[PDB]
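Read the single chain below, which is given as structure tokens and is the form deposited in one PDB entry.
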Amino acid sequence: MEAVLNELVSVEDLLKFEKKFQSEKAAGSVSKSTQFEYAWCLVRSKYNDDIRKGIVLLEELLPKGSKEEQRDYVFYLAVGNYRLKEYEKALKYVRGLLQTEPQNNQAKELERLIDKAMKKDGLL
């Protein structure tokens, strides 16, 4: 998607699932899917506080996931940590995922981005 469209869809997404998350948490407890969707929107946000919150929400889901869900959670932990420039954490997550999903070229392109960013720092 072009940039302006991507940004406005991102905002609409985040606001919808924030409402849903805040509604459910007001009504007692938050379903696993609602927490994941909100966290997924948070790690794509333009605000760093949002990304940090999405990471926390993904860490809370991680021990309760099926094996397939845990793979999805680790993907977005690497995304969030990469966007925060927590490169060594992101790199550890995506390498672990690639061991169990070797043909995941999305995870591979993410690893390439993380490596490229660690090179331009000089920290690789």
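Think of the rigid core as the biggest set of C-alphas that the two forms share within 1.5 Å after superposition. Counting begins at 1, following the sequence as shown.
Same protein, other form: the form deposited in another entry, not shown, and the subject of what follows.
Novice: Cα of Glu12 displaced 2 Å or more between this form and the one not shown, core superposed?
Specialist: Result for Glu12: yes, a 2 Å-plus shift.
Novice: With both forms fitted on the core, check whether the Cα of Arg112 differs by 2 Å or more between this form and the one not shown.
Specialist: Shift at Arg112: below 2 Å after core fit.
Novice: Tell me whether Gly28 is among the residues that move between this form and the one not shown (Cα shift of 2 angstroms or more, core superposed).
Specialist: The answer is yes; the displacement is at least 2 Å.
Novice: Relative to what is shown, are the Cα atoms of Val9 and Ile55 closer or farther apart in the other entry, where the gap shifts by 3 Å or more?
Specialist: Those two alpha carbons end up closer in the other entry.
Novice: Can you confirm the direction of the Cα distance change for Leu8 and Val74 in the other entry, closer or farther than in this form, given it is 3 Å or more?
Specialist: Here the pair is farther apart than in the other entry; there, closer.
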